[PDB]
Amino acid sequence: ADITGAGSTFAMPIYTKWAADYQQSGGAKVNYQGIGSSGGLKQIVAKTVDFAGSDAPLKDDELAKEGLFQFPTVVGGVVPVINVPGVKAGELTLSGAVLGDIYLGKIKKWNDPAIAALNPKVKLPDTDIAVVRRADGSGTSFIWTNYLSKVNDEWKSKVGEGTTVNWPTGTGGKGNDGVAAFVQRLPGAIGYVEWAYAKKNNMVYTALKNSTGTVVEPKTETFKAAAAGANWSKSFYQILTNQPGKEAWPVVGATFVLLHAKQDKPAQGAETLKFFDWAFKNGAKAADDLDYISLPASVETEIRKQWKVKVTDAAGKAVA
């Protein structure tokens, strides 16, 4: 009840765990509502919460327009999950171009030649594909469609990227949970979820062929390989899709916290920063246990330098 955040369901598993551990350690009570990145952005701007979580980072100009400060907390993977007869987790391989053509509505069956080409070992059925996407404004959708735009020209020009897009086709699930539930129950379903949702629900994720041509499974190692080399020190706005590493999982994103740079309630901002400072210091095993990737120590040091300079009371004095 002490501080309240809302937004990204991508980050909800670790924020919820961090908040429980923090309160057990003696820290304030942290309530986090999983409403989607777009809903979280609306609520921090409406100043109905103390911070928002979003996996669709704002550019410098939008942050200045809104008076918000933004910083990353962890990195996570996004995986295709499917419901295909005779196919178990990790057995099927897809690719960026193929994912784009599936979401374009061009590939309609699971025995399509473009899927078959990537799956010599799998006895594919002729099941119709049932496309599932997010109904709510979503940072997971942003990562997904940012990625599709890089690897499928038709998708880039016809649909593009955003927390919402004009999907050519697809059932709309609310949150990562709603997409997960649709995929597990609709035969032939394909969807996209943050990795923790696939693992918790024992979902059938796919491998992906990355830009190097390596078939990579989704796992801590390949998420981490994607995050390598990001220039955090230049800008916190960093998009980690279709990364060039040979073991890089293709669909990865950081997730972000937004709070007002001028704190109407300085003690609220201080408690928010206190919570994430504690999480950076003490929550690394919790993040790893959920297969998120923790930020490098040097990046967390830079974030601390920035939030003492940039999150202040109305007089310009640091809240931390």
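Residue indices: 1-based, along the sequence shown.
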{"item": "Stretch exceeding the other in mean C-alpha B-factor - 220-228, 106-114", "value": "220-228"}
{"item": "Given 141-149 and 122-130, the range whose Cα B-factors average higher in the PDB entry", "value": "122-130"}
{"item": "Among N166, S235, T206, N176 - the residue whose C-alpha B-factor is largest in the record", "value": "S235"}
{"item": "Residue, from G100, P250, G86, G170, that the PDB entry assigns the highest Cα B-factor", "value": "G86"}
{"item": "Position of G316 among the chain's modelled residues by C-alpha B-factor, lowest, middle or highest third", "value": "highest"}
{"item": "Cα B factor band for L258 (lowest, middle or highest third within the chain)", "value": "lowest"}
{"item": "Lowest, middle or highest third - CA B-factor, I82", "value": "lowest"}
{"item": "CA B-factor ranking of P57, expressed as a third of its chain", "value": "lowest"}
{"item": "Relative C-alpha B-factor of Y32, binned into the chain's lowest, middle or highest third", "value": "highest"}
